[PDB]
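We count ligands from 1, going down the list as the structure has it; atoms in each ligand are counted the same way. Chain identifiers are assigned alphabetically (A, B, ...) following the order of the sequence lines, protein sequences preceding nucleic acid strands; residue numbering begins at 1 within each chain. Below, each value reflects all heavy atoms present in this structure, side chains not excepted, and no hydrogens, waters or symmetry copies.
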Protein chains: 2
Amino acid sequence: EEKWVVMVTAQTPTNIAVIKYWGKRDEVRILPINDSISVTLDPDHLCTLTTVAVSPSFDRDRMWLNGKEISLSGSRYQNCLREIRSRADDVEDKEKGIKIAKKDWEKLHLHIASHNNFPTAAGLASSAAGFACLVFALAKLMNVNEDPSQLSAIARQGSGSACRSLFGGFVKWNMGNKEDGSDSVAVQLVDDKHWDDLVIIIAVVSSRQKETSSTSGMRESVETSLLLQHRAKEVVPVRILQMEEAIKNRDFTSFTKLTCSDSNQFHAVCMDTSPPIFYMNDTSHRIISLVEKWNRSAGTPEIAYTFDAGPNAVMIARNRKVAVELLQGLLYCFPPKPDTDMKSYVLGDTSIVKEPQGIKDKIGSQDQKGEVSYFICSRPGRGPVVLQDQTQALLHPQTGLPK
Amino acid sequence: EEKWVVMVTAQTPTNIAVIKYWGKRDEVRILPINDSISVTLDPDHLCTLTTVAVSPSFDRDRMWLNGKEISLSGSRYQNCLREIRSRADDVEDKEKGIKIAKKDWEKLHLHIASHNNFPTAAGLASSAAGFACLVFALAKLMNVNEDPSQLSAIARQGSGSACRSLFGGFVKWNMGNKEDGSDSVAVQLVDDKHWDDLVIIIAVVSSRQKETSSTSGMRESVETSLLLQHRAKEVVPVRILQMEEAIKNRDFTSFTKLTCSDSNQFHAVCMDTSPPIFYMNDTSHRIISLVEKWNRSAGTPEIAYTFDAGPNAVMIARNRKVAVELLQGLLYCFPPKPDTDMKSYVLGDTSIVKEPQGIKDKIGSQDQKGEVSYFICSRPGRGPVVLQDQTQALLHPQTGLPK
Ligand SMILES: C[C@@](O)(CCOP(=O)(O)OP(=O)(O)O)CC(=O)O
Ligand SMILES: C[C@@](O)(CCOP(=O)(O)OP(=O)(O)O)CC(=O)O
């Protein structure tokens, strides 16, 4: 048998919902009970990088995540692979003498290696950027003839939030109304330049509490929370329309009202679940109080917050001057562990990190030390991209096994 | 002018809602948006003791709470005084030569002194037992001809939860539907003997966070929480009927499902408020996790929890053997501050306090020290009573001023 190896490497950003996805109506096709809207983040310290490879000499589909092999046996990987394979087409690399016929893909096995630049015990959705990257890279590999919105639908079957990482900027996942899920897809609302002033600051919060997974948790809520249905039918459709308008016109005050309140309502549904799900901790509450105080002592709002399925705070600053104030604010309230290199305790961006009483005004009181593990600054970012520089591939170009 | 002094002293227990009151439809008459149901606790370490006095020589209405004079100027005191005075009748103490004509009450001023046996910075509703006691004692003083249910309605105007402390046992506050509030009253569901097996354990949790008041908080929720209306119209009416049946038939499993879930849903509405209200802290969550684990590792439920407008946990044990296990459980997970007299760290009851691996089974892991300030054990209790023993009066029988 032949031993050529075709591979593709892609880099895919993560995203952060400002109007939240919580609860499915279909556990197999992954269709949600409401729309959601998110912001794609800049790749640095947040993206997932993935290399996919096909060879007639691979005996098995196999996958590696951050160095360790893992199972593709599960339904989420099995459904993406199946859907993308079924759309594979003729490929031909003439320089290398390789012709793959459409039918060949029914038997060619795949090797996938993937790397998450978010620290793994830090707590950010690895799944979102990850299934989006897999789908996007495989779609290049197999010459699938489909736009990002249709590819959205495949990524969605690996993880619901993954479908929103196929575009940059601000992205809407439409819940769709067809049974087959074909219209449950993401679409870009605006690109990453429309609102380039926003700066994002993630507080990765210390906690050893292991968090109920988003998939199980939201299933539990659909099954036991008597408030979720009312959220889904009567609250979120309206919030979707207001958030669209707020993004269109960069109304940061409307954007702040919506983001904070939809995050809080999502955590309210989690508390109304039986047994209750507690994703925020006392540090989380302390960050919200800081943000709400800071905004009251500045009249018009300067900072929004949102929280996913954990205590990590995501803060969104109206612009860079706010970001610089806030970052000194946050360092006062969340001083580090003793002997801590500030190069390690505040990742991202560079210019803002390199940069005071009038701030003590807006925050008030200092906290105990080390409630925060570290901060990450970022920005709205573009969508996924292919990497042509093979130095960045994670599979060996000849063995098809992890470097 | 004359200088006789007529006084009455009464002792009134506090109560604990298992189906929660949260939100008014009338801020003046204090009418709620849903029914509520509570359990009256045994008086020890929980009651409020009040002495009321009238004399022609008092120039002013005045009141003392735990030693300190306070203002009666506010609407809550002004509305109770006004309502009870308007129902005053002819009084006559023949031994002392005192005749009070109905009309005299329009001019006689009152002295009130009151004492809360809950520590004041501990965090229990002083208001509930307090306005109930005031109304109950004044109703005796002024010879009002009204049953506890009608007196309920007056206490309600001092504090909504106060109306439920006019009966022992399990008590329902009916939301009523008349504009004048006359049918918004409490009624006893069963007395304190019907379910005498229940043991109650209150964890008074350490926290310096000052809590948003119940009155302001629930106003904020009515104004900003989009889930509250659905709770009030569609969740609670059904829970009221199930909780009635569960109390009637001492179904502790149904009672546990309802109590935990209605407490959690109340805190969910608080989180859905803008700005959010956080009454539970990380200690609170740790107690819920202990209770949920303990119940799973015992099959049928043995312990219910509920939380009011603060982090204090109220636990309700199916019976005394459970209570004794749990209390050793709680001491393992919440060890005291160093050098702490266990006579001070666990109040109440006596027999159960005086009373182990097989329990390590049900709780798991130990916590840091001093997360709990102290525990209080109690039981379902009777309603308010008059004290005839003048040694217990808080006003001096001749000056009408605080001892
Ligand atoms: C709380 C959220 O982050 C939900 C994340 O859900 P997942 O995308 O992880 O769930 P599955 O579809 O089961 O894979 C809010 C959001 O991203 O919208
Ligand atoms: C959370 C609760 O304890 C509400 C207490 O409310 P208050 O009775 O204190 O409020 P006001 O009527 O304004 O005086 C739940 C309950 O007791 O039902």
Inset, instruction - For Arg164(B), counting its heavy atoms only, list the atoms of ligand 2 lying under 4.0 Å from any of them. - result: 16 (C), 17 (O), 18 (O)
Legend entry - Pair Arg231(B) + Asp262(B): basic N to acidic O under 4.0 Å: yes
Legend entry - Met218(B) neighbourhood, listing ligand 2 atoms whose heavy-atom distance to it stays under 4.0 Å: 6 (O), 10 (O)
Inset, instruction - State if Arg76(A) counts as touching ligand 1 under the rule of any non-hydrogen atom under 4.0 Å. - result: yes
Inset, instruction - Using modelled atom types only, decide if a donor and an acceptor are shared between the side chain of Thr273(B) and the backbone of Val269(B) within a distance under 3.5 Å. - result: yes
Legend entry - Identity and separation of the nearest protein heavy atom to atom 2 (C) of ligand 1: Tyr21(A) O, 3.8 Å
Inset, instruction - Give a yes or no on whether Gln209(B) atom CD has more than 12 heavy-atom contacts from other residues, nucleotides or ligands under 6.0 Å away. - result: no
Inset, instruction - Mark the output for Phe266(A) as yes if a heavy-atom distance to ligand 1 is under 4.0 Å, and as no if none is. - result: yes
Inset, instruction - For ligand 1, find out whether one of its N or O atoms is nearer than 3.5 Å to an N or O atom of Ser36(A). - result: no
Inset, instruction - Among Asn15(A), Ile16(A), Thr306(A), find the residue that satisfies the side chain to side chain contact (heavy atoms under 4.5 Å, CB included) test when tested with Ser38(A). - result: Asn15(A)
Inset, instruction - Under 4.0 Å, heavy atoms only, figure out whether ligand 1 is touched by the backbone of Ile30(A), its side chain, both or neither. - result: side chain
Inset, instruction - Please answer whether the main-chain N or O of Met271(B) pairs with a side-chain N or O of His267(A) as donor and acceptor at a distance below 3.5 Å. - result: no
Inset, instruction - Kindly confirm or rule out an N or O of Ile19(A) lying under 3.5 angstrom from an N or O of ligand 1. - result: no
Inset, instruction - Check each atom of ligand 2 against the heavy atoms of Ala17(B) and keep those under 4.0 Å away; list them by number with element. - result: 16 (C), 17 (O), 18 (O)
Legend entry - Backbone of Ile19(B) reached by a side-chain donor or acceptor of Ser36(B) within 3.5 Å: no
Inset, instruction - Could you say whether the N/O atoms of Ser159(B) and ligand 2 ever approach to under 3.5 Å? - result: yes
Legend entry - Protein heavy atom at shortest distance from atom 8 (O) of ligand 1: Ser161(A) OG, 2.6 Å
Inset, instruction - Could you tell me the residue and atom name of the protein heavy atom closest to atom 13 (O) of ligand 2, and the distance to it rounded to 0.1 Å? - result: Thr215(B) OG1, 2.6 Å
Inset, instruction - Heavy-atom distances under 4.0 Å are what count here, so tell me which part of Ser214(A) touches ligand 1: side chain, backbone, both or neither. - result: side chain
Legend entry - Atom indices of ligand 2 within 4.0 angstrom of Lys24(B) heavy atoms, with elements: 11 (P), 12 (O), 13 (O)
Inset, instruction - Start with the C-alpha distance between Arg29(B) and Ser184(B), add both sets of side-chain angles, then the distance that settles side-chain hydrogen bond (donor to acceptor under 3.5 Å, both in side chains), and finish with yes or no. - result: CA-CA 10 Å; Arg29(B) 309 185 167 85; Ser184(B) 190; over 6 Å; no
Inset, instruction - For residues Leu46(A) and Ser378(A), report the shortest heavy-atom separation together with the two atoms involved. - result: CD1-OG, 3.6 Å
Legend entry - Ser263(B) side chain to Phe307(B) backbone, donor-acceptor under 3.5 Å: yes
